[PDB]
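*Asks:* What follows is a structure written as structure tokens; I'll ask about it next.
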Amino acid sequence: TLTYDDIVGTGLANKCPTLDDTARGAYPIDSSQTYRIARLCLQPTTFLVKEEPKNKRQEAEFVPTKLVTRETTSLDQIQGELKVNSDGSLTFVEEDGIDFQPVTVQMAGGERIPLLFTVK
Amino acid sequence: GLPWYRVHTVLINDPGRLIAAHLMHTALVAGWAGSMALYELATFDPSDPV
Ligand code: CLA
Ligand code: CLA
Ligand code: CLA
Ligand code: CLA
Ligand SMILES: CC1=C(/C=C/C(C)=C/C=C/C(C)=C/C=C/C=C(C)/C=C/C=C(C)/C=C/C2=C(C)CCCC2(C)C)C(C)(C)CCC1
Ligand SMILES: CCCCCCCCCCCCO[C@@H]1O[C@H](CO)[C@@H](O[C@H]2O[C@H](CO)[C@@H](O)[C@H](O)[C@H]2O)[C@H](O)[C@H]1O
């Protein structure tokens, strides 16, 4: 439905695919059939950064941080074979896609923490 | 000649130039007030309140 001239600028291009409240279904895994994942998307929402130890070994926590970049965070187009090995468990193997994005978040104090948000 | 330590006597009966004077003192104390603040914000470390 929505196209490029339809999404351009809305920043919808960063948020990825939703499922209207109808879900809760069940995708039958055949085991006698090979499954793959067409498109695996990972849309960042919150980034936390464990406060560098105080030196005083007293459980450091993950504090929230401000996103200093823009809406340049999502991972998409990720694909690979969803292998169905014995004992019914599924195993996804990442093959290729836009599986990494350099993100920089400004932390509580003042710092700027650039990380390579990825799932390579 | 008026002595140096009296120069400011020229206001004992000039409610205008007195309010003007007093206005300048206040203005300076505010300057300093925020002035100090900035100096401290430019050097205060908030990393550990313990
Ligand atoms: C509440 C504030 C206050 C105010 C408005 C006045 C006002 C006045 N005083 Mg008084 N005085 C005060 C407090 C005050 N005084 C205090 C606390 C003392 C005890 C130290 C005195 C001792 C005093 C004397 C001994 C004399 C006056 C005189 C005078 C009159 C002329 C001043 C003058 O010529 O300055 C001009 C002054 C200078 C050119 C020199 C300033 C030099 C100082 C050491 C530099 C410090 C600078 C720094 C920026 C100040 C910061 C202030 C600090 C409190 C934060 C004037 C009506 C004179 C008078 O009666 O004349 C007939 C006089 O002879 N005063
Ligand atoms: C209507 C009532 C009234 C009010 C509310 C005031 C209020 C004030 N007087 Mg004034 N006064 C009055 C009547 C009044 N006076 C009368 C009838 C006389 C005899 C002529 C005086 C003589 C007098 C002297 C001799 C002095 C004062 C001073 C001051 C100020 C001291 C505190 C200060 O500096 O805060 C710091 C400032 C603020 C944070 C407030 C800023 C906001 C103000 C209210 C608005 C200014 C804009 C407004 C349109 C015009 C000024 C109005 C004027 C009535 C104050 C304060 C604003 C002193 C001064 O000159 O102050 C520097 C001083 O030396 N007064
Ligand atoms: C309620 C508190 C308060 C009070 C009562 C005063 C009162 C006064 N201030 Mg200060 N002021 C204050 C807060 C206060 N201030 C704050 C928070 C600041 C911001 C830092 C200032 C900044 C300030 C400035 C920038 C100036 C004043 C000046 C003055 C004096 C103006 C009237 C005068 O002619 O004195 C006549 C003079 C005196 C009696 C001052 C001597 C008294 C002090 C306590 C001595 C300080 C010692 C000094 C370090 C020694 C130097 C010695 C020299 C030989 C080298 C008056 C004594 C003016 C001034 O002093 O100019 C003449 C001036 O220029 N004030
Ligand atoms: C417009 C209003 C206004 C406001 C809301 C503020 C607010 C503030 N000021 Mg600023 N300030 C102002 C005007 C103002 N200021 C002006 C005009 C000046 C002079 C230029 C300053 C100069 C100034 C300085 C130098 C400093 C502040 C500071 C501060 C901060 C709190 C400090 C404090 O505890 O003070 C509490 C103040 C008092 C104890 C005042 C009460 C005085 C006595 C007890 C009463 C005398 C009353 C008299 C006898 C009448 C009788 C009373 C009757 C009811 C019985 C606060 C954010 C401080 C700060 O942190 O800086 C960023 C600081 O150091 N201010
Ligand atoms: C020309 C013009 C005009 C006017 C002007 C004016 C109004 C001015 C003012 C001015 C001013 C008003 C000035 C001031 C100055 C100041 C100064 C010069 C200061 C200094 C300071 C200092 C040096 C300090 C120090 C410190 C330190 C170091 C630390 C601690 C704290 C403190 C802060 C204390 C107008 C607009 C009409 C328009 C046209 C043009
Ligand atoms: C329109 C109204 C304007 C009102 C005035 C606002 C001015 C705000 C200035 C506040 C004072 C800042 O003071 C300044 O803080 C920054 C951190 O944030 C410090 O920055 C320090 O840590 C950062 C990392 O976090 C380093 O990259 C920097 O090299 C180091 O100096 C400065 O060394 C200090 O001098």
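A note on labels: chains of the structure tokens are A, B, ... as shown, every chain counts residues from 1, and ligands are counted from 1 in their shown order.
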From chain A, collect each residue whose DSSP state is strand (DSSP E or B) and return the set as a VMD selection string.
*Replies:* chain A and resid 35 to 42 48 to 50 62 to 67 75 to 84 90 to 92 96 to 98 100 to 107 112 to 118
*Asks:* Which residues sit within 10 Å of ligand 4, counting only C-alpha atoms and all ligand atoms, listed as a list in words?
*Replies:* residues 23, 24, 25, 26, 27, 28, 29, 30, 31, 32, 33, 34, 35, 36, 37, 38 and 40 of chain B
*Asks:* Given a cut-off of 6 Å, what residues near ligand 2 show up using only C-alpha atoms and all ligand atoms, put as a list in words?
*Replies:* residues 15, 19, 22 and 23 of chain B
*Asks:* Deliver the residues from the most recent selection as a file, using C-alpha atoms, as a PDB file, in the first residue's frame.
*Replies:*
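Contents of again_36.pdb, freshly written:
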```
ATOM      1  CA  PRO B  15      17.877  60.101  44.467  1.00  0.00           C
ATOM      2  CA  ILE B  19      19.099  54.770  42.431  1.00  0.00           C
ATOM      3  CA  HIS B  22      22.296  51.215  43.569  1.00  0.00           C
ATOM      4  CA  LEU B  23      21.049  49.863  40.247  1.00  0.00           C
TER       5      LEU B  23
END
```
*Asks:* Up to 8 Å from chain A, what residues of chain B turn up? Count only C-alpha atoms and give them as an MDAnalysis selection string.
*Replies:* chainID B and resid 46:48
*Asks:* My list of candidates is A:23, A:7, A:82, A:105. Which is closest to residue A:35 when distances are computed with only C-alpha atoms?
*Replies:*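 Distance minimum relative to residue A:35 lands on A:82.
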*Asks:* What separation in Å, quoted to one decimal, exists between atom 60 (O, counted along the ligand's line) of ligand 3 and atom CA of residue B:8?
*Replies:*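 If I compute the distance from atom 60 (O, counted along the ligand's line) of ligand 3 to atom CA of residue B:8, I get 10.2 Å.
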*Asks:* Taking the chain letters and numbering used in this document, name the residues of chain A that DSSP puts in helix (DSSP H, G or I), as a VMD selection string.
*Replies:* chain A and resid 4 to 7
*Asks:* Mind listing the residues within 8 Å of ligand 1, only C-alpha atoms and all ligand atoms counted, as a ChimeraX atom specification?
*Replies:* /B:3-9,11-12
*Asks:* Take the selection from the previous step and output its residues with N, CA, C and O atoms, as a PDB file, in the first residue's frame.
*Replies:*
```pdb
ATOM      1  N   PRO B   3      38.200  64.359  48.783  1.00  0.00           N
ATOM      2  CA  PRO B   3      39.123  63.230  48.996  1.00  0.00           C
ATOM      3  C   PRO B   3      38.679  61.993  48.205  1.00  0.00           C
ATOM      4  O   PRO B   3      37.505  61.874  47.851  1.00  0.00           O
ATOM      5  N   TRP B   4      39.586  61.062  47.940  1.00  0.00           N
ATOM      6  CA  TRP B   4      39.175  59.893  47.182  1.00  0.00           C
ATOM      7  C   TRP B   4      38.172  59.081  47.958  1.00  0.00           C
ATOM      8  O   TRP B   4      37.237  58.537  47.403  1.00  0.00           O
ATOM      9  N   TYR B   5      38.352  59.015  49.254  1.00  0.00           N
ATOM     10  CA  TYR B   5      37.450  58.220  50.047  1.00  0.00           C
ATOM     11  C   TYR B   5      36.106  58.872  50.270  1.00  0.00           C
ATOM     12  O   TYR B   5      35.373  58.480  51.166  1.00  0.00           O
ATOM     13  N   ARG B   6      35.778  59.870  49.455  1.00  0.00           N
ATOM     14  CA  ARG B   6      34.488  60.565  49.575  1.00  0.00           C
ATOM     15  C   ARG B   6      33.793  60.727  48.226  1.00  0.00           C
ATOM     16  O   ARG B   6      32.610  61.063  48.153  1.00  0.00           O
ATOM     17  N   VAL B   7      34.533  60.481  47.161  1.00  0.00           N
ATOM     18  CA  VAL B   7      33.989  60.604  45.827  1.00  0.00           C
ATOM     19  C   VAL B   7      32.523  60.232  45.704  1.00  0.00           C
ATOM     20  O   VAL B   7      31.782  60.892  45.005  1.00  0.00           O
ATOM     21  N   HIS B   8      32.098  59.190  46.393  1.00  0.00           N
ATOM     22  CA  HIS B   8      30.704  58.752  46.324  1.00  0.00           C
ATOM     23  C   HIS B   8      29.723  59.580  47.151  1.00  0.00           C
ATOM     24  O   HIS B   8      28.573  59.182  47.336  1.00  0.00           O
ATOM     25  N   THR B   9      30.179  60.719  47.658  1.00  0.00           N
ATOM     26  CA  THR B   9      29.331  61.585  48.464  1.00  0.00           C
ATOM     27  C   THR B   9      28.364  62.349  47.550  1.00  0.00           C
ATOM     28  O   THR B   9      27.270  62.761  47.962  1.00  0.00           O
ATOM     29  N   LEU B  11      26.259  61.710  45.896  1.00  0.00           N
ATOM     30  CA  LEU B  11      24.939  61.113  45.737  1.00  0.00           C
ATOM     31  C   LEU B  11      24.026  61.285  46.938  1.00  0.00           C
ATOM     32  O   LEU B  11      22.861  60.905  46.880  1.00  0.00           O
ATOM     33  N   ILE B  12      24.541  61.870  48.011  1.00  0.00           N
ATOM     34  CA  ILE B  12      23.748  62.008  49.218  1.00  0.00           C
ATOM     35  C   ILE B  12      22.423  62.716  49.037  1.00  0.00           C
ATOM     36  O   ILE B  12      21.558  62.662  49.909  1.00  0.00           O
TER      37      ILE B  12
END
```
*Asks:* Can you tell me, as a list in words, what residues are no more than 8 Å from residue A:94 when counting only C-alpha atoms, ignoring any on the same chain fewer than 5 positions away?
*Replies:*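 Final neighbour list, sorted by chain and number: residues 78, 79, 80, 81 and 120 of chain A.
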*Asks:* Residues near residue A:68, anyone? I mean within 10 Å using only C-alpha atoms, not counting same-chain ones fewer than 5 positions away, as a ChimeraX atom specification.
*Replies:* /A:103-107,112-114
*Asks:* Can you work out the spacing between atom CA of residue A:34 and atom CA of residue A:74 in Å, to one decimal?
*Replies:*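 Computed distance, atom CA of residue A:34 to atom CA of residue A:74, equals 27.9 Å.
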*Asks:* Atom CA of residue A:118 and atom CA of residue A:46, how far apart in Å?
*Replies:* 14.4 Å
*Asks:* Wanna dump the chain B-ligand 6 contacts at 7 Å for me, each residue with its shortest atom pair and the distance in Å to one decimal, counting only C-alpha atoms and all ligand atoms, ordered by chain and number, as CSV?
*Replies:*
```
residue,atom,partner,partner_atom_place_in_ligand_line,distance
B:38,CA,ligand 6,11 (C),5.6
B:41,CA,ligand 6,11 (C),4.7
B:42,CA,ligand 6,13 (O),3.1
B:43,CA,ligand 6,34 (C),5.9
```
*Asks:* Would you list the contacts of residue A:85 as a ChimeraX atom specification, taking every protein, DNA or RNA residue within 12 Å and counting only C-alpha atoms, but skipping same-chain residues closer than 4 positions in sequence?
*Replies:* /A:29-35,81,89-92
*Asks:* Restricted to C-alpha atoms, what would the selected residues look like written as a PDB file, in the first residue's frame?
*Replies:*
```pdb
ATOM      1  CA  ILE A  29       6.704 -26.322  11.128  1.00  0.00           C
ATOM      2  CA  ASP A  30       6.757 -29.336   8.678  1.00  0.00           C
ATOM      3  CA  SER A  31      10.254 -30.720   9.439  1.00  0.00           C
ATOM      4  CA  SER A  32       9.851 -32.664   6.167  1.00  0.00           C
ATOM      5  CA  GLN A  33      10.115 -29.201   4.485  1.00  0.00           C
ATOM      6  CA  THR A  34      13.056 -26.684   4.456  1.00  0.00           C
ATOM      7  CA  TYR A  35      12.295 -23.315   5.975  1.00  0.00           C
ATOM      8  CA  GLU A  81      17.884 -20.440   6.384  1.00  0.00           C
ATOM      9  CA  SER A  89      14.197 -26.962  17.806  1.00  0.00           C
ATOM     10  CA  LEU A  90      14.664 -24.326  15.130  1.00  0.00           C
ATOM     11  CA  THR A  91      17.951 -22.608  14.324  1.00  0.00           C
ATOM     12  CA  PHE A  92      18.187 -19.409  12.258  1.00  0.00           C
TER      13      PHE A  92
END
```
